[PDB]
Structure formats: structure tokens, C-alpha cells
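K.L.:
Take this sequence and fold it.
(7 chains)
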Amino acid sequence: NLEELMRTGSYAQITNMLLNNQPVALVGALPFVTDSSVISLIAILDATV
Amino acid sequence: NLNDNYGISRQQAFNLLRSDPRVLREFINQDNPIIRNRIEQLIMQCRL
Amino acid sequence: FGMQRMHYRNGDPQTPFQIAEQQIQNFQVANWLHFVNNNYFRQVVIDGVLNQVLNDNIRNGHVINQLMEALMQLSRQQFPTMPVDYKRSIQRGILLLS
Amino acid sequence: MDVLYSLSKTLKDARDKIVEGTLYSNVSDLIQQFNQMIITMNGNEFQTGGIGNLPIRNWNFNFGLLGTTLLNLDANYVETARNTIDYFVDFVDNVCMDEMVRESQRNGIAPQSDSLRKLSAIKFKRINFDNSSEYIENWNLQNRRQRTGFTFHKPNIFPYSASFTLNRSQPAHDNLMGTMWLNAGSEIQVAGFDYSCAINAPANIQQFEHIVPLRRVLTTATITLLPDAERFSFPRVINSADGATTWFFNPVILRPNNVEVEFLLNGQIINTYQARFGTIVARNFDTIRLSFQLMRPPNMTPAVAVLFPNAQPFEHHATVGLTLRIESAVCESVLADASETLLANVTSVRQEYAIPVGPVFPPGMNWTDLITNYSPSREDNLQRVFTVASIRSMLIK
Amino acid sequence: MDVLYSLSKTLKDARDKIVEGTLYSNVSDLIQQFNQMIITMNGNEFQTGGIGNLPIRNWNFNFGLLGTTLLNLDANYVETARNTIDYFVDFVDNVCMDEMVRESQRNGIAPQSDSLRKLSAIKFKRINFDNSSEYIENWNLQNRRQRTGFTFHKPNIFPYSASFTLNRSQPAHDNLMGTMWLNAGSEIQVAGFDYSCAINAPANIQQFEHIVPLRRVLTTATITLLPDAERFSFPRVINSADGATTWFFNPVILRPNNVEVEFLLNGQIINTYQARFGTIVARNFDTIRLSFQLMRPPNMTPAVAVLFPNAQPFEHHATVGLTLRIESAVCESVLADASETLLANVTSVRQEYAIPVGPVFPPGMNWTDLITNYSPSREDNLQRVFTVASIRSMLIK
Amino acid sequence: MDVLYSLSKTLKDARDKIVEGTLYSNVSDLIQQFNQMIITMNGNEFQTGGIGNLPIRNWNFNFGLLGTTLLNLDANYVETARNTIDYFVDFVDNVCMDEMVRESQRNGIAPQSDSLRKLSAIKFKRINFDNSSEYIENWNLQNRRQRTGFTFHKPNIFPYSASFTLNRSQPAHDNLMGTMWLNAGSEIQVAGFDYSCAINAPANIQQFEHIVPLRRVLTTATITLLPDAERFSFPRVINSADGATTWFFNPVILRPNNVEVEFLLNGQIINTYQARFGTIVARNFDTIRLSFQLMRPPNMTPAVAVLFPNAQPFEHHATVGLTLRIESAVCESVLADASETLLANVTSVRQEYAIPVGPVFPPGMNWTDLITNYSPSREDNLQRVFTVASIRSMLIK
Amino acid sequence: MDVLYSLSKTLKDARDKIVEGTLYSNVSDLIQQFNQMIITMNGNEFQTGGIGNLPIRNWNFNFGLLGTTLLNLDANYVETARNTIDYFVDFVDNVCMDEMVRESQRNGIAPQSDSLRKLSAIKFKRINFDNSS
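P.N.:
Residues are numbered from 1 along each chain as shown, chains lettered A, B, ... in the order given. Dropping the coordinates below:
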């Protein structure tokens, strides 16, 4: 939960899950940026955020 | 067995140790089963 | 509670609150008085360091409910042998704190 | 009464949960309750003993408090708690020991020891953890007159009495017709015998029956029926009803027919089973009646003619056997059961310290004579002493 | 189903933990559970009974809440809780009794009374407090189809069969060689008899064997084995196989030789015991086969020399015996025992309200006829009714 | 050792109480304990097994925590909990299986397997929830030198040994007088026989004495006493003392006279009873002595003169005896009982995986052989194996 | 050889003199010796057995450090000391059992078991202690 993530300020589980490159799922409200370039599609830039 | 099951005070026990006839008879007349059985066995002993 | 004022002598081994505890049979205030009577610093040791800490019951904020209930019990009490305005002010201040 | 149970349960819980490495959020309530208990018991003298050989042992309470705010109860906590745990263990053991040897023809439920009578006051009534065991719940329900109940496994409900009945007899003791039975504890063994196989009787069938009352009512009782005899089949040399001489008994087992068992309640029959063997179920009764008959076979083989002559001199004799065992049942009043360890505890506390023979109990908990004369005063005192015994049993195994 | 057990456990804790004077710290979770239960149950309507002798009872749930203050409970709080506790107890008892007397041929696991079916809705799931008893845990683990397990104290698995067989027979009934056995509850008492004293048989050894199939598979069975049988050891008069007359049986006990006890499973000899007595353990078994041999005494003294003449006229017979008793058992399916009393309560309510007999249960809820043909549907019905009985026994003792 | 018990308790509580829909207020402690134990278990790879058919398996723990945001648990949270609970169940089962099989002569209290030794590290002591079962408490009290106990129903202490003693004997076995007794399970059948009916002995009364010593001190025991003979009251053939000849035994039953029972500790008279029948209680004993008399009635009848002639040729011999049962007992050491599942569990574990026999255990864990020569080292190993067996059985019922 | 005796003597002294209540001055040398032994033995592994029916066992040393500044040791210090004292006792028992059953024709004075060969290295010689035996 992103709500809990912001509320409690903890980052332990998420950091360890992401560092070891393991599947994760986040549920919560997020603004989106629309990119419609196939250059961005081929050159992976959807995970560097 | 008498001191374990039945209740004996200290003076009563002291008199029973001396085998005084009075305390023994007063206990006998109270229909105590163990001592009556003991006396019955002792009577049965004298069979010549 | 319509009882004589507590004649007392300074320096007794027992605090006056103990005498209050063993003289009032109104369950709410008696229980609250007992809790205050035996409320003392708890001697604990943490990581080789000596400390004095409060009891758990007050720590979570629960004794305030007991105090409020006792005060509300005192609010509607008869309060005999007391003048009018003094009693009214006393019970209204008690209601204010409750 | 219940304050002693609270003391025992709190002490056991403290001995259980208070170990190394535990999280305080898991034992916080127990620690707080223990602190409140030691707070309450502080500053109150106690005297116990003075009857029989029990040494008078005073008791005082000047002890410290246990802290609250920790993340793991370190060795300091357990080491400090062990001393007061031992002291309270000894105190409650002595108090309950004193309680368990007091009786009274009146007020048979109220406390009858100085410690217990002092504890039943209201200032000590701040400490009552819960009522988890069956006996404390039954006591509290009896305090408010509700529908109670005790669970048992083969209780000792029947007194020992090896009595026998004769119907047709003579001082010669050569042609008899009667019954024997042996009711020991939870087992009932009833056997009926004929010395003639009803050859002289009408319709070649002779009637047998037996009636046994119950000292107290029983509900939801499990009974098993086995059509045989295990104690009345071997040859037996027993005495007469007047002890003049002895009589011979050499039986042969024959399968009984018309085996009818009725469970009867207050002059009314509730459960009636005919020839159904195995496990049976009855729900409400206060007396047990069994009926059965012996039937001479219509045709015979030579050996039967050997062992069953028409003439008066009989060598072999006939009988039938039944077995009635009560495995599990529920009663209203407390029953002295050998499934638990209560009667053993009361006998141990009695015989260990030589208590005077009270005017309300039989001498030395003779359960046979005790149950032969069950009385409401006796049942109240027995319930109280057994409850205190079970309270004691949770601390000193 | 689980909601019913949650209600039972919550009610028991409420009635046996809320006593005047107790600290709030030991009842916080219970207070929250009670408040949730009342705030969820209020406003509904329930109907129950209407079948047989149970009148249609209508229940309305409308009660207040419980205050979160008064750190120490007073008697007024106790009585306010007690009123709702009594009402809930009555409702639960009546619902359980209504459910206990309804059966179906298929899908016996699912409830049948309208009360439980309504309680299995979605919004009532909020009260699913906990699961601690054996039956509730086993039910909830069976719902996920995992390994099942029960513990029994001397169960009753063997169906009643007082059957006998004759290997060698003649219409004269004076020359027999066979075996007799009894299957009564947890007791197996087999015996092998001979009239010829094995003089005719080669090697002077008369082979005896017997097979008893169990209707269900047991695990971790402790078996007490004794070399002597105390049933077929007395003179008896027995009807013939087909039945036209009565033959005689005069036994003498001899020491069994080369006693072999094997526990099998689907044709595999798993556990073996040779010439051993006392106690044995079978890890997993479903069939029992026993073998023992009658041995003619190679040497004789005058008395036994005259006991067995070398010719056909036989005045005495020879017989060996064995005794097998199941001490404790663990089974994958529900059963009826001699310690637990759930079957007793089921039969008690059954005969209290005299509900008509369904085609899935033999009359009277008898155990022998039920175990004669143990079907999976009857097994599921037994499991459901026993779980409901265990739920009931936690409330009304 | 208590670490494994704490882990098992936490796992069972998590698998039971954590169900779909329970309010969060009832699982705070459980969730905290689960989070702490899963935090501690991280970063510790484990290897299990290594002896016997049990395969060597590897373990590694990397699992996330459980959130504390939801107010009521949903299905997804329940399933996520189940996923880890199942793996921990498998781990604890493997650890228990590895621990049970192994044994040693020294350090019978210290662990033997690798997993238990590794759990004894300091960082792993941070997991401990409660010690509520009787076995873990007895283990702790034995660790810290305190008096312990177990409530055992029908315990086996008397090894199976059918022995007899003859005081009067003949090479032709035509005139004998002696005693026969059996010690099986929790049953004591002792009987004394005379082939002359006490006609030549002084005072026309024959004395019988028999002492049966136990292998472990008992306390607080209730005993059922019946003046009967069961296994020595039927036509029986018995081998000789030298194992060369056989004789004929044909008994009859009278009433034993002056039946006295003694209970002794280290040969000290603690309690006694005279002629009492039904049930008695003894509080401390280790040797049971049976003394009684056989008496000839003074007056006879026509049916008695056949049995007891004054001459040498006898046809029917007299015998009396008693049956003694230990229904309940409490011991300071671990024993085999009827009301638990310890011996079955350990024997099943040993026999299913074909584990070779060690130096301190008999072939196949024969209980009789163990109880014949009970030793303190075997006592300690039995304590350890019983504790781990109970822990394992608390998981898979 | 001497290192094993040093370990045994240090274990004896630790298990004897570490009891709650004693002043810290009585165990200063014991504390220093034990701390040096723990900090030097850590980060290491050993293997023992490999002959007969003795338990072929692998051992790893990664224990922590004991406290140093305490006026009077409480039960926590004693417990955390014993939790490693028992482990060291078991290790010494295993090493001695593996050493005793071995034999050789040549150079019997010198160590033979592989564990004793490894423990004879100079880096462990800091665990040396008194030789009053």
C-alpha cells in the first residue's frame, strides 16, 4: 500500500525487494506522464523512474 | 492406621502407648472397626 | 458523602489515601483511590541501565476514563450539609473537568 | 472461594509466560495483572494451621514490583520473579492444605479456615483472572442456581456390595434357584442360576430379575451391554445367608433370551431396549432394572442329557450372565471418580497430617460407605473440598 | 458452521471471564468481540424449530453496547452483560438442538436447518473469532481437504458378532475342532478349541487362524496383548451352526505356542510380533490376523495322563485363547468412544423430542447397526452432528 | 528444547485464529509474535536429517512481513499467511522427525540432533511465546530441579511375567500348594492355591504372602480392590518348574479371610488396609504386599463331602485370590499410559523409516524390556523423546 | 597440543568463575582471555570425525562479543556466556574424541588429526594460557 508507505515512512521491505530484482506490485494513486515515442519503447525508459 | 485415619490428640496417644485399660475400653465401646477387628483376631488366636 | 472530616495526625506510616481507601464503600471512587494509592514508580533494568518507568495502565491513557466516571458520579451526588452556591460551583467545576 | 482459584491460575500463568526473549506486547496484560495482585496482597498478615499436626506458619507480604516498559524480558525479570513465585506457591499451597481439612454440618459451602475466611472479603476481590477450568465454572454456576454438569470416564457410582438373592432353597443346599450380583465401581455383573434348569417349572421357562437404585440422578450416560458372566462361571464354594454352613455351585453358561433392560426415572420408564446388545444410550434415569429368562432347549444332544437329568440329584447346574458397564456419563452433583486425581489428593492430605475425624465425613474417605449415605450436606462439603483440591492440583503435581 | 463455533467460544469466554472486579486489561479483545457481535447481529430475525416437538421460536437481536470505560468492572456491568449472555445462550442452544435433528441423504456436510443456512450468509462472516477445539479445527482443515486426525480413549470400532465356526463337524456334536471368538467393542477374545487333543493331527500341532476386518483405517495404535482368554474358558451349552439342538463345550486352557500377531494394510504385512505379549504398537493398520497353535503335551503326569484317553470317547476338551484390546487410537474419520459423550448428547436430544427416523440413520442412533454398514454419507452426517454436539457442550454443561 | 515448542504453538495458533474475517483486535499479539519470529528466522540456512532412510533436506527462509493496515482480514491476507504457515509446518515436522530417532548414553537432557543445537544459539532464543502444555512445564521444572508430575490413567509399570511359587510339591504333582500371579499392564491378579484345603497345616489355615516391587516411585494413587480370581479359576494345565513335565489344575473359589494390603516405600509401612473392599487410596509407595489366609469352613453339606476328603486322592482343589487395578496414578518421571499417544507415536516414527537400534534402546522399543531394567539414562532419553513427540503431535492431529 | 589444553583450562575457568553476584575484578583476566579467544576464533570453520562411527560434524564460529563495563554481572551476562560455553565444551569433546582414536607408526608426538593440524597454526597461539596442570 502506498498510503501506508507514506503514512509510516518505512521503506524496508520495498527497498530489499527491489534491490534483489524480484517481482513487486504497488497499489495507489499516481500521476502519469504520457510518452508516445517508439524510441522510448525500444530504449527502456519505463523502469528508470 | 488409627492415627492416620482416625483423630488422636497428644495425651490420648500418650495414654494409648501405655496401653491403659480405660482409654482402650472407651475406644472399643465406640464401635471403631479397626481395633474391634484386631481384638477379634486376637480372640481367634487362642485356639489351642 | 456525609462523613465527619478526617481527623488526622502528621507522620503516620500510612498515607491518608490508604485510610480513604479503607473507609469508603462506593465502588467507583474507592477503586480509583486504590489505584492512586498503589501507583508507584516501577523498577526495571534495560540493557544494563536502571530506569524508573510508569505503569502500563496510565501509559495508554485509560485512567482518565476512570477519573471522568468518578467525577460524574460525584456530580449528581446529594452533597449534604453544604450551602447552595458552594455546592453548585463545586459540582459545575467537576462537570467542567469531566 | 474463587480468589484462591485466581491466585493459582495467575501463578501458573506467570510461571508459564514469563521466560526469556518474549515480547512485552504478548504478556503485558498478564504482567499488569500480576502487579495488581501483588499490590492487593501487600500489607495483610496471615495465619494458617493449628489443627492436627500442621505447623502454624505465619505469612507476610513485603515485596517489590515488576516493571512495564521493555522490548524483551531479560534474565533480570525472570530472576527477580522466581523468588516471589516460589513464596506465593508455598503460601497458596499451605492455605489450600489448611482449607481442605475443615468441615461443618451447616454452611457447608462457606469458607471454614481463617485464611479463606479472611480472603473472601471485598478488598481482596480485585484479582480474578477468569474461570477456565470446569470445576470453577461449575462452582460459579452453582452460586447462581443454573443447570450444572460434570464429565467423567467410568465413575465409581456404585458402592461395593456382593449380595445375593435366593428364591427356592432348603437347609440341604442341593436344589436351589436364585441370583447373585457384584456391583463394583462402574461395573455391574448380575447372574441368575437354576439348579434344575426349570424342568419342574411351568412352560420350561424360569424368571429372573434385579433392581438397583441410584444414589443420585444421571443424565446423558453411555452404557455397554455384554451378554456373559465373567465372575460367576467358575465353581464357587460360598456361605449361606445365616452362615450355618457352605454350599456348592458348579454352573454352565447358557445363552439368555428375552434380555430386556429398562431405564426408569422416578417411577416412570424412559428408555426400554429388547435384546439389543452393544452400546446403548439413556438420557434421564434414577434406577436400573434388568429382566431375562432361561429357556430349556427343545431338542438335546447326548451331553445335555448327561448334565441335565430329570431326577432330583443334580450334578451340573444352569445359570445366565450379564455385564453392564457405564463408560462415560454426566451427573448433577460431583462424583468421586478415579479418572481424575481428586479423591487421591484429599486422602493424601488427610492421612499425611492426621486430621481429627470430623463429624461430617466418613472415616478416611471410605468412598463405599460415603456413597451409601449421600446427603446434601455431604455433597456440598464434597464439592467444596474437591474444588479446592483441583485448585491445588494445578500448581503441585 | 464455523460461525456457530465462534459464537459458542465467544459466549463461553464472556460468561466465564467477566466477573466483578476484574481488570480491563484481560477483557479488551473480548469486549471488542462482544461489541462487534451485537452491532452486527442487531435488527435481524430468526426462526427455528417447527419439526416434531420443537415449537416455532422467533428471536430478535436488539441489545445495547458495552462501555469502553470503567477500567475495573462493577456488578452493574456484570448484570448488564449477563442478561445478553443468557439470551444468546438460549438462542444458541435452541438453534443447535433444531439443527441436531435434521438429516439428508446427500451433501450431509452442509447444514439443513434454516437457521444455520441463513447464518452461512456473507454479512455474518464478521464474527469468526477463533478455532481451538478438536472438532472445529478438523472441520476447517477438512474444508481445505488436508490430513484429518482425532484422538480417542479406548474407542469402539469392532462390530458385535458372537459368531463361531467349525472346521470339522458331525451331526453327533461330540468331535469338534474349531475356533470361537467375540467382537465386543475394543475387546477381541479369540479362542481355538479341539476335541481330539491333536492325537490324530500330524506333528501334534493343530493350526488356528482368524481374520477380523476393520471398517476404517487407524494409525498409531497401542495394543495390549494377553495370552489367556477369560470368556470361552467355562462349561457352556451352545446352539449348533444351523441350529437344531445344543452341543456341550468343556474347555481347558493351555499355553499358546508361537503366537503371531500381524497388522496388515491392503495385503501388506507391515508390523509383526512373534511370541511377544504385554504391549505392541502398529503404526498403520486396517486388518488384524492372529495365528496360534495348540500343542499336545509331549510329557504327562498321571492326572493329565487320564485327562486325554487315546480313543474317540472324550470327556474333556482342549482350547487355547488370546486377548486383544485397543488402548488408544487415532483415526482419519469420526467415531464413537467410551470417553467423549457427543453421541450421548445427540441421542439425548433425539429421544427428548422423538423426531421421526430418517432412512440414513438406524432407529435410536444405535452404534452396532450403524457400524454394520459404514457409508461415507453416514460418516459425513456423523461428523456434522458430532461437531455440532461439541459446540453445544461448550455452553450447556 | 522449548524453542521448538514455542514455534509449534505459534504456528498452530496462527493457522487456527487467522481466518477470513476476524477482527484485528484479536490477532495483534499473534501477528507481533509471527513478525518477530520470521524476522529472527531470516538468514539461517538449515540442514536436517542424515541418519536412516530419512532423506537429507535443505531449508532457507526469505519471506516478507505481515502488514498492520487492514482492520478486518480478507481472503488474500489469509492465503498469504497460509503459504508461509504450510512451509513452516513442513520444517517443524522435519525437525521433529530428525530429533526423535536419535539417541545417546550421555547428555540425555541436552539435544542430540543438529537443528536443536543450532536453535540453542542466543539469537534464536528471541522466539518464545508461551509454555502452557503440561509437558513443557514439566521439562522446565526438571531442568531447574523442582518436583514435577504427570496425570496418567492406566499406566504400565508391571512387566509381563507369568511366574508362580510352590511351597508344597510332589514329583508326581498329585499334592501341591502355592501361588500364581500375573503382572500385565495396570492389572494385578494374585491367587494362592492348596490341593489339601488346609487340613494338615497348623490351625487348619494356610498363609500366602506375595510382594511385587515397582520400578519407579508413585504417589497419590487410587486403587480398586476386589476379592476375586480371574485367570486362575478354571481347568488349566501348566508346565513344570524345570520345564520337563505338565500337571493338572482344577480350582474352586472360596472367600479369602483377613485380606490385608500393604503399601511400602523403601520398606517402610506408610499405609495399610484390612478387609476393605471397593477402592482404597495410598499416598506414597513403591512396593505392594499382599497377605491373606485360606480358611476351611467348620460345617459342610452333602455337596461338600465329595470335594474335600481327608485322604490323599484329591479331585477339586481350593483357591482364593484378589484383583488389584491401578486406575489412576501420578509419577515424578515419564511413563507409558493409556490416555495419551506417546508410545505409539515414537514407535511408529522408529519403525516406519527402518532406523537401526542404538546402544540405549531395546530392539523395536519393547516397552516391557524397557520397564524391566529402567535406568536414569533411559529415563532422560524417554523424557526428551516424549517431549518432542508431544510437540509434533500438537501439529498433525 | 598446548592450544587444546589452553582451551580446556579457559573453559573450566569461565564456567566456574562466571556466577551472578561476583565483583567484576575477579574476572578481569577471564574477560580479556575469553574476549581474545572469541575474536580470534571467529570467521573460521572446522571438520571433525571421518573415522569409525564418530559423528562427522562441521563447526562454524561466528559468535558475538561479551559486555565489558559492568559493576556487577546480572543473570543476562551469565546466560549469554553459557550459551557459548556449552558450544565450546561440545567442540572440545568432539576434537578430543577424534584425536584419541587415531594412531600412526611415525612421529607419534606430533599431532595427527586434521583439526589438530589446523589448530596448531601460529594464529591460534594467542589463545595460550597458564600451564598449572
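K.L.:
and residue 34, what is it in contact with?
P.N.:
Let's take chain A. Residue A:34 makes contact with no residue, according to Cβ atoms under 8 Å, 6 or more residues apart in numbering or on different chains. (Each C-beta comes from the backbone N, C-alpha and C, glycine too.)
K.L.:
if you could check chain C rather than the one you did, that'd help
P.N.:
By Cβ under 8 Å, 6+ apart, the contact list for residue C:34 reads C:21, D:126.
K.L.:
can I assume it sits in a strand?
P.N.:
No. Secondary structure of residue C:34 (DSSP: H, G, I helix; E, B strand; the rest coil): helix, not part of a strand.
K.L.:
For chain C, just list every one of the helices.
P.N.:
Applying DSSP state H to chain C gives helices spanning C:16-21, C:27-37, C:56-59, C:63-75, C:84-97.
K.L.:
Out of the ones you listed, which is the most enclosed?
P.N.:
Of all the helices of chain C, helix C:27-37 carries the top mean neighbour count, a mean of 19, counting by mean count of other Cβ atoms under 10 Å in any protein chain shown.
K.L.:
And that one, how far out from the chain middle?
P.N.:
Helix C:27-37 sits 6 Å away from the centroid of its parent chain (Cα atoms, centre = their mean, to the nearest Å).
K.L.:
could you dump that helix to CSV, C-alpha only?
P.N.:
The C-alpha trace of helix C:27-37 is given here as CSV (Å, rounded to 0.1, in the frame of the first residue of the first chain):
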residue,chain,number,x,y,z
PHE,C,27,-17.1,1.2,44.3
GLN,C,28,-16.0,3.7,41.6
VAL,C,29,-14.3,6.2,43.8
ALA,C,30,-12.9,3.5,46.1
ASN,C,31,-11.3,1.7,43.1
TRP,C,32,-9.9,5.0,41.8
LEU,C,33,-8.5,5.8,45.2
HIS,C,34,-6.9,2.4,45.5
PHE,C,35,-5.3,2.8,42.1
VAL,C,36,-3.8,6.1,43.1
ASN,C,37,-2.8,4.6,46.4
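K.L.:
contacting residues around the longest helix that chain B contains?
P.N.:
Longest helix in chain B, counting residues (DSSP H): helix B:33-45. The contact list for helix B:33-45 (Cβ under 8 Å, 6+ apart) reads B:1, B:2, B:5, B:6, B:24, B:27, B:28, F:258, F:274, F:275.
K.L.:
Restricted to strands, list the residues you listed.
P.N.:
Counting by DSSP state E, the part of the contacts of helix B:33-45 found in strands is F:258, F:274.
K.L.:
and the longest helix of chain B, which residues are buried?
P.N.:
By neighbour count with 16 or more other Cβ atoms under 10 Å in any protein chain shown, helix B:33-45 contains the buried residues B:34, B:35.
K.L.:
what are the C-alpha coordinates of that helix, in PDB please?
P.N.:
Output of helix B:33-45 as PDB, limited to C-alpha atoms (Å, rounded to 0.1, in the frame of the first residue of the first chain):
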ATOM      1  CA  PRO B  33     -13.800 -51.100  63.200                       C
ATOM      2  CA  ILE B  34     -10.000 -51.500  63.100                       C
ATOM      3  CA  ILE B  35      -9.400 -52.100  66.800                       C
ATOM      4  CA  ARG B  36     -12.500 -54.300  67.100                       C
ATOM      5  CA  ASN B  37     -11.100 -56.400  64.200                       C
ATOM      6  CA  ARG B  38      -7.800 -56.600  66.000                       C
ATOM      7  CA  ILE B  39      -9.400 -57.800  69.200                       C
ATOM      8  CA  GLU B  40     -11.500 -60.300  67.300                       C
ATOM      9  CA  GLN B  41      -8.400 -61.700  65.600                       C
ATOM     10  CA  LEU B  42      -6.600 -61.900  69.000                       C
ATOM     11  CA  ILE B  43      -9.500 -63.800  70.400                       C
ATOM     12  CA  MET B  44      -9.400 -66.100  67.400                       C
ATOM     13  CA  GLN B  45      -5.700 -66.700  68.100                       C
END
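K.L.:
Compute the distance between residue D:71 and residue D:21, please.
P.N.:
To residue D:21, residue D:71 is 10 Å away according to Cβ to Cβ, to the nearest Å.
K.L.:
ok, those two, which is more surrounded?
P.N.:
Counted by other Cβ atoms under 10 Å in any protein chain shown, residue D:71 and residue D:21 do not tie: residue D:21 has more neighbours, with 19 against 12.
K.L.:
Surely the more buried one touches residue F:122?
P.N.:
No. In this structure residue D:21 lies outside contact range of residue F:122 using Cβ atoms under 8 Å: 9.3 Å.
K.L.:
residues in contact with the residue of the stretch 1-150 of chain D found nearest chain B?
P.N.:
Of all residues in the stretch 1-150 of chain D, residue D:52 sits closest to chain B, at 7.5 Å by Cβ to the nearest Cβ. The neighbours of residue D:52, taking Cβ under 8 Å, 6+ apart as the test, are B:7, D:101, D:353, D:354, D:355, D:356.
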